[PDB]
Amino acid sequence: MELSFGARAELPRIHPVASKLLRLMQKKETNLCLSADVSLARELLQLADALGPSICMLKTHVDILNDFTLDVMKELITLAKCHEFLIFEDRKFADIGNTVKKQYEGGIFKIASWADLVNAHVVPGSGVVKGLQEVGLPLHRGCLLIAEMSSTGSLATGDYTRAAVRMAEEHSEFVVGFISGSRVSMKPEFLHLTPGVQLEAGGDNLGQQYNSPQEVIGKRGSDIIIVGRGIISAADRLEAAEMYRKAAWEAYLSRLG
């Protein structure tokens, strides 16, 4: 009884941000999230423009952008609207509720003003979600909970992963899914986004581990691949994005049957 992305977009309990995402995934035949891990605004925007048609989502780390301004994020929103992708700031909020509400709305970055999606670690308990939702619910935003991590020695396993799923399922007005290595929720209203993805086997020298799009979408039942260096370090980032898009999309179609 697995539903297409387009049908999941219409589920009764779907969050509007999840619905928008699932509809553009189906329309564009993409379940690829670009991890735009660059330090230059011009490179971020040139990647967003060229790869926009190939991606369902662009994931930022704006705290590594040497020339961040709010006007850069206005230009990124123009490209997201044009090419139809969501903006996901990978901030990993991980503090008490009272602190993360200020980190989400305020400071230099004003993340809530431009990010469709953010994510949170569940280690502080559900106050982290309650704090974010104070800002995010009025701004019609969504949140992903980090249920598993791709890195060597990850402690996001067993009862920790189960706690993340329970926390998501109890804050479904704001939480739209997970960062995970696999399907962790049986509820089709939740998105599964998986980092640690490359076409070739291996990892990096600081604990990153890679699995293929076929493994994580096809066998492990995730929805979306998050890809950084597999695209960003390639010479032709557009062709690299197209190879990742086709891999993730076909793995999804094959699983759907």
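Start at 1 with the first residue shown and count on from there. The term rigid core refers to the maximal set of C-alpha atoms that superpose within 1.5 Å between the two forms.
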Given a rigid core fit, name the stretch, 111 to 119 or 92 to 100, whose C-alphas are on average farther from the form shown here in 5 other deposited structures of this protein. 92 to 100
Using only C-alpha atoms and the B-factors in the entry, which stretch averages higher, 214 to 222 or 52 to 60? 214 to 222
Looking at the entry, does 106 to 114 or 161 to 169 show the higher mean C-alpha B-factor? 161 to 169
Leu86, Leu137, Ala120, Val100, ranked by C-alpha B-factor: the highest one: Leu137
Hey, out of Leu47, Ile231, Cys33, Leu70, whose CA B-factor is highest in the deposited coordinates? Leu70
Lowest, middle or highest third - CA B-factor, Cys82: highest
Among the modelled residues of this chain, does the Cα B factor of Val176 put it in the lowest, middle or highest third? middle
Where the record places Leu11 (Cα B-factor, split into thirds across the chain): highest
Using the B-factors in the PDB entry, rank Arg237's C-alpha atom against the chain and give the third, lowest, middle or highest. highest
Lowest, middle or highest third: where is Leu40 by C-alpha B factor in its chain? highest
